[PDB]
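Printed here is upload-v3.pdb (PDB, N, CA, C and O atoms):
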ATOM      1  N   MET A   1       2.742  21.411  -7.005
ATOM      2  CA  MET A   1       1.932  21.329  -8.209
ATOM      3  C   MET A   1       0.442  21.441  -7.876
ATOM      4  O   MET A   1       0.026  21.131  -6.760
ATOM      5  N   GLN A   2      -0.320  21.887  -8.864
ATOM      6  CA  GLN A   2      -1.755  22.044  -8.689
ATOM      7  C   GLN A   2      -2.509  21.072  -9.599
ATOM      8  O   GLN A   2      -2.042  20.745 -10.688
ATOM      9  N   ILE A   3      -3.665  20.638  -9.119
ATOM     10  CA  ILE A   3      -4.489  19.711  -9.875
ATOM     11  C   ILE A   3      -5.964  19.979  -9.566
ATOM     12  O   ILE A   3      -6.293  20.944  -8.879
ATOM     13  N   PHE A   4      -6.812  19.106 -10.091
ATOM     14  CA  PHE A   4      -8.244  19.235  -9.880
ATOM     15  C   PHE A   4      -8.896  17.865  -9.683
ATOM     16  O   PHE A   4      -8.342  16.845 -10.093
ATOM     17  N   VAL A   5     -10.063  17.885  -9.056
ATOM     18  CA  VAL A   5     -10.796  16.656  -8.800
ATOM     19  C   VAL A   5     -12.250  16.833  -9.239
ATOM     20  O   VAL A   5     -12.774  17.946  -9.224
ATOM     21  N   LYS A   6     -12.860  15.722  -9.619
ATOM     22  CA  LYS A   6     -14.244  15.741 -10.061
ATOM     23  C   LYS A   6     -15.129  15.113  -8.981
ATOM     24  O   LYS A   6     -14.702  14.955  -7.838
ATOM     25  N   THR A   7     -16.345  14.773  -9.381
ATOM     26  CA  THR A   7     -17.293  14.166  -8.463
ATOM     27  C   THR A   7     -18.676  14.072  -9.110
ATOM     28  O   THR A   7     -18.897  14.608 -10.194
ATOM     29  N   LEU A   8     -19.574  13.386  -8.416
ATOM     30  CA  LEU A   8     -20.930  13.216  -8.908
ATOM     31  C   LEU A   8     -21.579  14.589  -9.088
ATOM     32  O   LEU A   8     -22.606  14.712  -9.755
ATOM     33  N   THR A   9     -20.954  15.588  -8.482
ATOM     34  CA  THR A   9     -21.458  16.948  -8.568
ATOM     35  C   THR A   9     -20.752  17.710  -9.692
ATOM     36  O   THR A   9     -21.089  18.858  -9.975
ATOM     37  N   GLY A  10     -19.786  17.038 -10.301
ATOM     38  CA  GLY A  10     -19.029  17.637 -11.388
ATOM     39  C   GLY A  10     -18.493  19.013 -10.988
ATOM     40  O   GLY A  10     -19.030  20.037 -11.405
ATOM     41  N   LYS A  11     -17.438  18.991 -10.186
ATOM     42  CA  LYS A  11     -16.822  20.225  -9.725
ATOM     43  C   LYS A  11     -15.304  20.120  -9.883
ATOM     44  O   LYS A  11     -14.802  19.166 -10.476
ATOM     45  N   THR A  12     -14.616  21.115  -9.342
ATOM     46  CA  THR A  12     -13.165  21.148  -9.413
ATOM     47  C   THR A  12     -12.583  21.784  -8.152
ATOM     48  O   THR A  12     -13.090  22.796  -7.671
ATOM     49  N   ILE A  13     -11.524  21.166  -7.650
ATOM     50  CA  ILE A  13     -10.867  21.659  -6.452
ATOM     51  C   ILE A  13      -9.379  21.873  -6.741
ATOM     52  O   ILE A  13      -8.690  20.951  -7.173
ATOM     53  N   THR A  14      -8.929  23.093  -6.493
ATOM     54  CA  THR A  14      -7.538  23.440  -6.723
ATOM     55  C   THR A  14      -6.683  23.041  -5.518
ATOM     56  O   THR A  14      -6.698  23.719  -4.491
ATOM     57  N   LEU A  15      -5.960  21.943  -5.683
ATOM     58  CA  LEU A  15      -5.100  21.447  -4.622
ATOM     59  C   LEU A  15      -3.647  21.802  -4.938
ATOM     60  O   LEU A  15      -3.346  22.286  -6.028
ATOM     61  N   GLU A  16      -2.783  21.549  -3.965
ATOM     62  CA  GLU A  16      -1.368  21.836  -4.128
ATOM     63  C   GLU A  16      -0.533  20.598  -3.793
ATOM     64  O   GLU A  16       0.127  20.552  -2.757
ATOM     65  N   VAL A  17      -0.590  19.625  -4.691
ATOM     66  CA  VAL A  17       0.152  18.389  -4.504
ATOM     67  C   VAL A  17       1.391  18.403  -5.401
ATOM     68  O   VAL A  17       1.624  19.368  -6.129
ATOM     69  N   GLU A  18       2.153  17.323  -5.321
ATOM     70  CA  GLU A  18       3.362  17.198  -6.117
ATOM     71  C   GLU A  18       3.266  15.980  -7.039
ATOM     72  O   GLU A  18       2.579  15.010  -6.723
ATOM     73  N   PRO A  19       3.985  16.073  -8.190
ATOM     74  CA  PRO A  19       3.988  14.991  -9.160
ATOM     75  C   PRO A  19       4.851  13.823  -8.675
ATOM     76  O   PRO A  19       4.899  12.774  -9.316
ATOM     77  N   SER A  20       5.510  14.045  -7.548
ATOM     78  CA  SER A  20       6.369  13.025  -6.971
ATOM     79  C   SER A  20       5.759  12.505  -5.666
ATOM     80  O   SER A  20       6.384  11.720  -4.954
ATOM     81  N   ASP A  21       4.546  12.962  -5.394
ATOM     82  CA  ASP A  21       3.844  12.553  -4.190
ATOM     83  C   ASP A  21       3.004  11.311  -4.490
ATOM     84  O   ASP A  21       2.514  11.143  -5.606
ATOM     85  N   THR A  22       2.863  10.471  -3.476
ATOM     86  CA  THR A  22       2.090   9.248  -3.618
ATOM     87  C   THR A  22       0.592   9.553  -3.544
ATOM     88  O   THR A  22       0.173  10.452  -2.817
ATOM     89  N   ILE A  23      -0.174   8.787  -4.306
ATOM     90  CA  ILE A  23      -1.615   8.963  -4.338
ATOM     91  C   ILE A  23      -2.117   9.273  -2.925
ATOM     92  O   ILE A  23      -2.820  10.260  -2.716
ATOM     93  N   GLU A  24      -1.735   8.413  -1.993
ATOM     94  CA  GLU A  24      -2.137   8.583  -0.607
ATOM     95  C   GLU A  24      -2.012  10.051  -0.196
ATOM     96  O   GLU A  24      -3.015  10.713   0.072
ATOM     97  N   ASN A  25      -0.773  10.520  -0.157
ATOM     98  CA  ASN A  25      -0.505  11.897   0.218
ATOM     99  C   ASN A  25      -1.547  12.811  -0.432
ATOM    100  O   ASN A  25      -2.275  13.519   0.261
ATOM    101  N   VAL A  26      -1.584  12.764  -1.756
ATOM    102  CA  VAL A  26      -2.525  13.578  -2.507
ATOM    103  C   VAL A  26      -3.947  13.282  -2.027
ATOM    104  O   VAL A  26      -4.772  14.188  -1.923
ATOM    105  N   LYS A  27      -4.190  12.010  -1.747
ATOM    106  CA  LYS A  27      -5.497  11.583  -1.280
ATOM    107  C   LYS A  27      -5.637  11.917   0.206
ATOM    108  O   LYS A  27      -6.686  11.679   0.804
ATOM    109  N   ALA A  28      -4.565  12.463   0.762
ATOM    110  CA  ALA A  28      -4.554  12.832   2.167
ATOM    111  C   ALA A  28      -4.894  14.317   2.302
ATOM    112  O   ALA A  28      -5.685  14.703   3.161
ATOM    113  N   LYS A  29      -4.278  15.114   1.440
ATOM    114  CA  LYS A  29      -4.504  16.549   1.451
ATOM    115  C   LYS A  29      -6.008  16.823   1.400
ATOM    116  O   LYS A  29      -6.589  17.301   2.375
ATOM    117  N   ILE A  30      -6.597  16.510   0.256
ATOM    118  CA  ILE A  30      -8.023  16.718   0.066
ATOM    119  C   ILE A  30      -8.768  16.298   1.335
ATOM    120  O   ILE A  30      -9.385  17.130   1.999
ATOM    121  N   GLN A  31      -8.687  15.010   1.632
ATOM    122  CA  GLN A  31      -9.346  14.470   2.809
ATOM    123  C   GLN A  31      -9.162  15.414   3.999
ATOM    124  O   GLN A  31      -9.997  15.448   4.903
ATOM    125  N   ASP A  32      -8.066  16.157   3.962
ATOM    126  CA  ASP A  32      -7.763  17.098   5.027
ATOM    127  C   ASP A  32      -8.373  18.459   4.686
ATOM    128  O   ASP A  32      -9.059  19.058   5.513
ATOM    129  N   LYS A  33      -8.101  18.907   3.470
ATOM    130  CA  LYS A  33      -8.615  20.186   3.010
ATOM    131  C   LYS A  33     -10.078  20.325   3.436
ATOM    132  O   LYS A  33     -10.435  21.263   4.147
ATOM    133  N   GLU A  34     -10.885  19.378   2.981
ATOM    134  CA  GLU A  34     -12.302  19.384   3.305
ATOM    135  C   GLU A  34     -12.526  18.831   4.715
ATOM    136  O   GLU A  34     -13.282  19.404   5.497
ATOM    137  N   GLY A  35     -11.854  17.723   4.995
ATOM    138  CA  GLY A  35     -11.971  17.088   6.297
ATOM    139  C   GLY A  35     -12.841  15.832   6.218
ATOM    140  O   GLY A  35     -13.759  15.657   7.017
ATOM    141  N   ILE A  36     -12.522  14.990   5.246
ATOM    142  CA  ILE A  36     -13.263  13.755   5.051
ATOM    143  C   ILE A  36     -12.281  12.609   4.805
ATOM    144  O   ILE A  36     -11.271  12.787   4.125
ATOM    145  N   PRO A  37     -12.619  11.427   5.387
ATOM    146  CA  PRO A  37     -11.779  10.251   5.238
ATOM    147  C   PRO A  37     -11.926   9.646   3.840
ATOM    148  O   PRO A  37     -13.027   9.595   3.295
ATOM    149  N   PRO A  38     -10.770   9.190   3.286
ATOM    150  CA  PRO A  38     -10.760   8.590   1.963
ATOM    151  C   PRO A  38     -11.342   7.175   1.999
ATOM    152  O   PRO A  38     -11.524   6.549   0.956
ATOM    153  N   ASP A  39     -11.617   6.712   3.209
ATOM    154  CA  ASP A  39     -12.174   5.384   3.394
ATOM    155  C   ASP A  39     -13.636   5.382   2.945
ATOM    156  O   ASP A  39     -14.289   4.338   2.947
ATOM    157  N   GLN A  40     -14.109   6.562   2.571
ATOM    158  CA  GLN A  40     -15.483   6.710   2.121
ATOM    159  C   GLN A  40     -15.522   6.980   0.615
ATOM    160  O   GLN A  40     -16.489   6.629  -0.057
ATOM    161  N   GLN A  41     -14.456   7.603   0.130
ATOM    162  CA  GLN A  41     -14.357   7.925  -1.282
ATOM    163  C   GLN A  41     -12.915   7.757  -1.764
ATOM    164  O   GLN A  41     -11.975   7.873  -0.978
ATOM    165  N   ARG A  42     -12.784   7.486  -3.055
ATOM    166  CA  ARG A  42     -11.472   7.300  -3.651
ATOM    167  C   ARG A  42     -11.326   8.177  -4.897
ATOM    168  O   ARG A  42     -12.318   8.659  -5.440
ATOM    169  N   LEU A  43     -10.082   8.354  -5.313
ATOM    170  CA  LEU A  43      -9.793   9.163  -6.486
ATOM    171  C   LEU A  43      -9.628   8.251  -7.703
ATOM    172  O   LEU A  43      -9.230   7.095  -7.567
ATOM    173  N   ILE A  44      -9.942   8.805  -8.864
ATOM    174  CA  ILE A  44      -9.833   8.054 -10.105
ATOM    175  C   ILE A  44      -9.082   8.896 -11.140
ATOM    176  O   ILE A  44      -9.081  10.124 -11.065
ATOM    177  N   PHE A  45      -8.463   8.201 -12.083
ATOM    178  CA  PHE A  45      -7.711   8.868 -13.132
ATOM    179  C   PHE A  45      -7.468   7.929 -14.315
ATOM    180  O   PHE A  45      -6.856   6.873 -14.158
ATOM    181  N   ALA A  46      -7.959   8.346 -15.472
ATOM    182  CA  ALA A  46      -7.801   7.556 -16.680
ATOM    183  C   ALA A  46      -8.779   6.378 -16.644
ATOM    184  O   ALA A  46      -8.757   5.522 -17.527
ATOM    185  N   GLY A  47      -9.612   6.374 -15.615
ATOM    186  CA  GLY A  47     -10.595   5.316 -15.452
ATOM    187  C   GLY A  47     -10.001   4.127 -14.694
ATOM    188  O   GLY A  47     -10.541   3.022 -14.743
ATOM    189  N   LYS A  48      -8.897   4.394 -14.012
ATOM    190  CA  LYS A  48      -8.223   3.360 -13.244
ATOM    191  C   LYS A  48      -8.308   3.699 -11.755
ATOM    192  O   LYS A  48      -8.565   4.845 -11.389
ATOM    193  N   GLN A  49      -8.087   2.681 -10.936
ATOM    194  CA  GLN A  49      -8.135   2.857  -9.494
ATOM    195  C   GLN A  49      -6.841   3.503  -8.994
ATOM    196  O   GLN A  49      -5.763   2.926  -9.130
ATOM    197  N   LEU A  50      -6.991   4.690  -8.426
ATOM    198  CA  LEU A  50      -5.847   5.420  -7.905
ATOM    199  C   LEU A  50      -5.511   4.900  -6.507
ATOM    200  O   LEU A  50      -6.316   5.017  -5.586
ATOM    201  N   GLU A  51      -4.316   4.337  -6.391
ATOM    202  CA  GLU A  51      -3.861   3.799  -5.121
ATOM    203  C   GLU A  51      -2.513   4.412  -4.736
ATOM    204  O   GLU A  51      -1.854   5.039  -5.564
ATOM    205  N   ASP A  52      -2.144   4.209  -3.481
ATOM    206  CA  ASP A  52      -0.886   4.732  -2.976
ATOM    207  C   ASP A  52       0.275   4.002  -3.653
ATOM    208  O   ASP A  52       1.436   4.366  -3.469
ATOM    209  N   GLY A  53      -0.079   2.983  -4.424
ATOM    210  CA  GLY A  53       0.919   2.197  -5.129
ATOM    211  C   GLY A  53       2.098   3.070  -5.563
ATOM    212  O   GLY A  53       3.203   2.931  -5.040
ATOM    213  N   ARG A  54       1.824   3.950  -6.515
ATOM    214  CA  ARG A  54       2.848   4.845  -7.025
ATOM    215  C   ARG A  54       2.464   6.301  -6.754
ATOM    216  O   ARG A  54       1.641   6.577  -5.883
ATOM    217  N   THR A  55       3.078   7.193  -7.517
ATOM    218  CA  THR A  55       2.809   8.614  -7.369
ATOM    219  C   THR A  55       2.093   9.153  -8.610
ATOM    220  O   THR A  55       1.824   8.406  -9.550
ATOM    221  N   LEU A  56       1.806  10.445  -8.574
ATOM    222  CA  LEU A  56       1.128  11.093  -9.684
ATOM    223  C   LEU A  56       1.950  10.904 -10.959
ATOM    224  O   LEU A  56       1.404  10.568 -12.010
ATOM    225  N   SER A  57       3.249  11.128 -10.826
ATOM    226  CA  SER A  57       4.153  10.986 -11.956
ATOM    227  C   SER A  57       4.022   9.586 -12.558
ATOM    228  O   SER A  57       3.813   9.441 -13.762
ATOM    229  N   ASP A  58       4.149   8.590 -11.695
ATOM    230  CA  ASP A  58       4.048   7.207 -12.126
ATOM    231  C   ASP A  58       2.679   6.977 -12.770
ATOM    232  O   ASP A  58       2.525   6.093 -13.612
ATOM    233  N   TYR A  59       1.720   7.788 -12.350
ATOM    234  CA  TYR A  59       0.369   7.685 -12.875
ATOM    235  C   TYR A  59       0.155   8.659 -14.034
ATOM    236  O   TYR A  59      -0.939   8.737 -14.591
ATOM    237  N   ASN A  60       1.218   9.381 -14.363
ATOM    238  CA  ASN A  60       1.160  10.347 -15.445
ATOM    239  C   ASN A  60       0.277  11.525 -15.025
ATOM    240  O   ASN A  60      -0.102  12.348 -15.856
ATOM    241  N   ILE A  61      -0.025  11.566 -13.736
ATOM    242  CA  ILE A  61      -0.855  12.629 -13.195
ATOM    243  C   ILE A  61      -0.010  13.892 -13.021
ATOM    244  O   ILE A  61       0.525  14.142 -11.942
ATOM    245  N   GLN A  62       0.084  14.655 -14.100
ATOM    246  CA  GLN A  62       0.854  15.887 -14.081
ATOM    247  C   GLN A  62       0.031  17.019 -13.464
ATOM    248  O   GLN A  62      -1.040  16.780 -12.905
ATOM    249  N   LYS A  63       0.560  18.228 -13.585
ATOM    250  CA  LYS A  63      -0.113  19.398 -13.046
ATOM    251  C   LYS A  63      -1.459  19.577 -13.751
ATOM    252  O   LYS A  63      -1.710  18.956 -14.783
ATOM    253  N   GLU A  64      -2.290  20.426 -13.165
ATOM    254  CA  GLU A  64      -3.603  20.694 -13.724
ATOM    255  C   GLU A  64      -4.263  19.391 -14.178
ATOM    256  O   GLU A  64      -4.669  19.265 -15.333
ATOM    257  N   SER A  65      -4.350  18.453 -13.246
ATOM    258  CA  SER A  65      -4.953  17.164 -13.535
ATOM    259  C   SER A  65      -6.442  17.190 -13.178
ATOM    260  O   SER A  65      -6.959  18.214 -12.738
ATOM    261  N   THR A  66      -7.085  16.050 -13.382
ATOM    262  CA  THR A  66      -8.503  15.930 -13.086
ATOM    263  C   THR A  66      -8.848  14.489 -12.706
ATOM    264  O   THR A  66      -8.853  13.603 -13.559
ATOM    265  N   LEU A  67      -9.130  14.300 -11.425
ATOM    266  CA  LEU A  67      -9.476  12.981 -10.921
ATOM    267  C   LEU A  67     -10.998  12.829 -10.905
ATOM    268  O   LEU A  67     -11.723  13.819 -10.830
ATOM    269  N   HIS A  68     -11.436  11.581 -10.978
ATOM    270  CA  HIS A  68     -12.860  11.287 -10.972
ATOM    271  C   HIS A  68     -13.249  10.662  -9.632
ATOM    272  O   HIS A  68     -12.696   9.636  -9.236
ATOM    273  N   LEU A  69     -14.199  11.306  -8.967
ATOM    274  CA  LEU A  69     -14.668  10.827  -7.679
ATOM    275  C   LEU A  69     -15.655   9.678  -7.896
ATOM    276  O   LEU A  69     -16.431   9.694  -8.851
ATOM    277  N   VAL A  70     -15.593   8.709  -6.996
ATOM    278  CA  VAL A  70     -16.472   7.555  -7.077
ATOM    279  C   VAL A  70     -17.686   7.778  -6.173
ATOM    280  O   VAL A  70     -17.648   8.616  -5.273
ATOM    281  N   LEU A  71     -18.733   7.012  -6.443
ATOM    282  CA  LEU A  71     -19.956   7.117  -5.666
ATOM    283  C   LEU A  71     -19.769   6.398  -4.328
ATOM    284  O   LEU A  71     -20.467   5.429  -4.037
ATOM    285  N   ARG A  72     -18.821   6.900  -3.551
ATOM    286  CA  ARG A  72     -18.532   6.319  -2.251
ATOM    287  C   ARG A  72     -18.395   4.799  -2.369
ATOM    288  O   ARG A  72     -18.444   4.252  -3.468
ATOM    289  N   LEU A  73     -18.225   4.163  -1.220
ATOM    290  CA  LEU A  73     -18.081   2.717  -1.180
ATOM    291  C   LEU A  73     -19.332   2.067  -1.778
ATOM    292  O   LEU A  73     -20.190   2.755  -2.327
ATOM    293  N   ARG A  74     -19.393   0.750  -1.650
ATOM    294  CA  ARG A  74     -20.523  -0.001  -2.171
ATOM    295  C   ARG A  74     -21.834   0.715  -1.838
ATOM    296  O   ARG A  74     -21.888   1.517  -0.906
ATOM    297  N   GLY A  75     -22.858   0.399  -2.617
ATOM    298  CA  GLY A  75     -24.165   1.002  -2.415
ATOM    299  C   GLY A  75     -24.401   2.142  -3.408
ATOM    300  O   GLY A  75     -24.009   3.281  -3.155
ATOM    301  N   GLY A  76     -25.040   1.797  -4.517
ATOM    302  CA  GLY A  76     -25.334   2.778  -5.547
ATOM    303  C   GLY A  76     -26.568   2.373  -6.354
ATOM    304  O   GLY A  76     -26.521   1.421  -7.131
TER     305      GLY A  76
END
Hey, can you dump this file as C-alpha coordinates for me?
Amino acid sequence: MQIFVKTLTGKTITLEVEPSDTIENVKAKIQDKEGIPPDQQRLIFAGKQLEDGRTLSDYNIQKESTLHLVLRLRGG
(Lines of atoms letter the chains of each structure in order from A and count residues from 1; the text may use other names and numbers.)
(Lines give C-alpha, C1' and ligand atoms only; values in the text may rest on other atoms or scores of the structure.)
Protein backbone atom coordinates (compact mmCIF):
# COMPACT_ATOMS: atom_id res chain seq x y z
CA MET A 1 0.00 0.00 0.00
CA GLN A 2 0.99 3.61 -0.57
CA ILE A 3 0.63 6.57 1.77
CA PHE A 4 1.95 10.05 2.43
CA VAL A 5 3.59 11.99 5.24
CA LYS A 6 3.59 15.65 6.20
CA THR A 7 6.00 17.88 8.08
CA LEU A 8 6.82 21.41 9.17
CA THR A 9 7.75 21.81 5.52
CA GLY A 10 4.34 20.61 4.42
CA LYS A 11 5.36 17.97 1.91
CA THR A 12 4.41 14.47 0.84
CA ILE A 13 6.36 11.24 0.51
CA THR A 14 5.09 8.27 -1.46
CA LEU A 15 5.91 5.20 0.61
CA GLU A 16 5.04 1.56 0.09
CA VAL A 17 3.74 0.25 3.39
CA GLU A 18 0.93 -2.15 4.24
CA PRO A 19 -2.36 -1.62 6.09
CA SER A 20 -1.44 -4.66 8.15
CA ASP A 21 2.01 -3.35 9.03
CA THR A 22 2.80 -1.97 12.46
CA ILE A 23 3.46 1.74 12.86
CA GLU A 24 7.05 0.83 13.65
CA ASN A 25 7.60 -0.95 10.36
CA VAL A 26 6.01 1.95 8.51
CA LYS A 27 8.01 4.23 10.78
CA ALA A 28 10.99 2.09 9.84
CA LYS A 29 10.73 2.35 6.07
CA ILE A 30 10.77 6.13 5.94
CA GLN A 31 13.53 6.32 8.52
CA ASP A 32 15.29 4.06 6.06
CA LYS A 33 14.10 5.63 2.83
CA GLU A 34 15.63 8.93 3.85
CA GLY A 35 18.01 7.50 6.42
CA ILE A 36 16.95 9.12 9.67
CA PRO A 37 16.18 7.64 13.09
CA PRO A 38 12.59 7.89 14.35
CA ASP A 39 14.07 8.64 17.76
CA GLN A 40 14.26 12.20 16.48
CA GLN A 41 10.84 12.43 14.87
CA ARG A 42 7.52 10.62 15.10
CA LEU A 43 4.50 10.13 12.87
CA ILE A 44 1.05 11.50 13.60
CA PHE A 45 -2.43 10.66 12.37
CA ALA A 46 -5.82 12.04 13.32
CA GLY A 47 -3.92 14.16 15.81
CA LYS A 48 -2.97 11.12 17.86
CA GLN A 49 0.40 9.64 18.74
CA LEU A 50 1.32 6.95 16.24
CA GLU A 51 2.97 4.06 18.03
CA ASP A 52 3.97 0.51 17.17
CA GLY A 53 1.03 -0.39 19.37
CA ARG A 54 -1.13 -1.45 16.45
CA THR A 55 -1.00 -1.25 12.67
CA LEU A 56 -2.24 1.19 10.06
CA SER A 57 -5.46 -0.78 9.78
CA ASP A 58 -6.01 -0.66 13.52
CA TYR A 59 -5.29 3.04 13.16
CA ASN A 60 -7.65 3.29 10.21
CA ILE A 61 -4.57 4.35 8.28
CA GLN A 62 -5.65 3.12 4.86
CA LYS A 63 -3.94 3.67 1.53
CA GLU A 64 -3.13 7.18 0.35
CA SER A 65 -2.87 8.33 3.95
CA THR A 66 -1.29 11.44 5.40
CA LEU A 67 0.73 11.52 8.60
CA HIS A 68 1.73 14.66 10.46
CA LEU A 69 5.38 15.12 11.34
CA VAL A 70 6.23 16.54 14.75
CA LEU A 71 8.76 19.24 15.51
CA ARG A 72 11.30 16.65 16.58
CA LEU A 73 11.71 15.80 20.24
CA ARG A 74 11.38 18.40 22.97
CA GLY A 75 12.60 21.89 22.13
CA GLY A 76 10.34 24.15 20.11
My list of candidates is A:6, A:11, A:29, A:68. Which is closest to residue 50 of chain A when distances are computed with all atoms listed in the file? A:68
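DSSP, applied to the backbone of this structure, assigns strand (DSSP E or B) to the following residues of chain A: residues 2, 3, 4, 5, 15, 16, 22, 44, 45, 48, 49, 55, 66 and 67 of chain A.
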Which residues are near residue 28 of chain A? Cut-off 8 Å, all atoms listed in the file, ignore same chain within fewer than 6 positions. Put them as a JSON list (two decimals) with N, CA, C and O atoms, in the coordinates of the input.
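Result saved to around-v1.json:
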[["chain", "number", "residue", "atom", "x", "y", "z"],
["A", 22, "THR", "N", 2.86, 10.47, -3.48],
["A", 22, "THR", "CA", 2.09, 9.25, -3.62],
["A", 22, "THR", "C", 0.59, 9.55, -3.54],
["A", 22, "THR", "O", 0.17, 10.45, -2.82],
["A", 34, "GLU", "N", -10.88, 19.38, 2.98],
["A", 34, "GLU", "CA", -12.30, 19.38, 3.30],
["A", 34, "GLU", "C", -12.53, 18.83, 4.72],
["A", 34, "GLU", "O", -13.28, 19.40, 5.50],
["A", 35, "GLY", "N", -11.85, 17.72, 5.00],
["A", 35, "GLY", "CA", -11.97, 17.09, 6.30],
["A", 35, "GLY", "C", -12.84, 15.83, 6.22],
["A", 35, "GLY", "O", -13.76, 15.66, 7.02],
["A", 36, "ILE", "N", -12.52, 14.99, 5.25],
["A", 36, "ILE", "CA", -13.26, 13.76, 5.05],
["A", 36, "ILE", "C", -12.28, 12.61, 4.80],
["A", 36, "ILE", "O", -11.27, 12.79, 4.12],
["A", 37, "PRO", "N", -12.62, 11.43, 5.39],
["A", 37, "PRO", "CA", -11.78, 10.25, 5.24],
["A", 37, "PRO", "C", -11.93, 9.65, 3.84],
["A", 37, "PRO", "O", -13.03, 9.60, 3.30],
["A", 38, "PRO", "N", -10.77, 9.19, 3.29],
["A", 38, "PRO", "CA", -10.76, 8.59, 1.96],
["A", 38, "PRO", "C", -11.34, 7.18, 2.00],
["A", 38, "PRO", "O", -11.52, 6.55, 0.96]]
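Of the listed residues (A:13, A:58, A:8, A:76), A:13 comes nearest to residue 31 of chain A; the distances count only C-alpha atoms.
Between atom CA of residue 53 of chain A and atom CA of residue 15 of chain A there is a distance of 20.2 Å.
Every residue that the PyMOL selection byres ((chain A and resi 43) around 8) selects in this file is listed here: residues 5, 6, 23, 27, 38, 41, 42, 44, 45, 46, 47, 48, 49, 50, 51, 66, 67, 68, 69 and 70 of chain A.
When atom O of residue 14 of chain A is paired with atom O of residue 60 of chain A, their separation reads 17.4 Å.
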Can you measure atom CA of residue 17 of chain A to atom CA of residue 56 of chain A for me? One decimal in Å is fine. 9.0 Å
Spatial neighbours of residue 61 of chain A, 8 Å, only N, CA, C and O atoms, chain gap at least 2 places, as a PyMOL selection string: chain A and resi 2-3+17-21+45+55-59+63-66
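Considering only C-alpha atoms, the residue among A:12, A:1, A:52, A:7 positioned nearest to residue 24 of chain A is A:52.
Secondary structure of chain A, helix (DSSP H, G or I) only (DSSP, backbone atoms): residues 23, 24, 25, 26, 27, 28, 29, 30, 31, 32, 33, 34 and 35 of chain A.
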Nearest to residue 71 of chain A, restricted to all atoms listed in the file and choosing among A:40, A:25, A:54, A:32, comes out as A:40
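Close to (-20.0, 4.1, 2.6), meaning no more than 6 Å away when counting only N, CA, C and O atoms, sit the residues residues 39, 40, 72, 73 and 74 of chain A.
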Can you sort out the box for segment 10-19 of chain A, edges along x, y and z, all listed atoms in, 8 Å on every side, with centre and edge lengths in Å to one decimal, as lines of an AutoDock Vina configuration file?
center_x = -7.4
center_y = 18.2
center_z = -7.1
size_x = 40.7
size_y = 26.9
size_z = 24.6
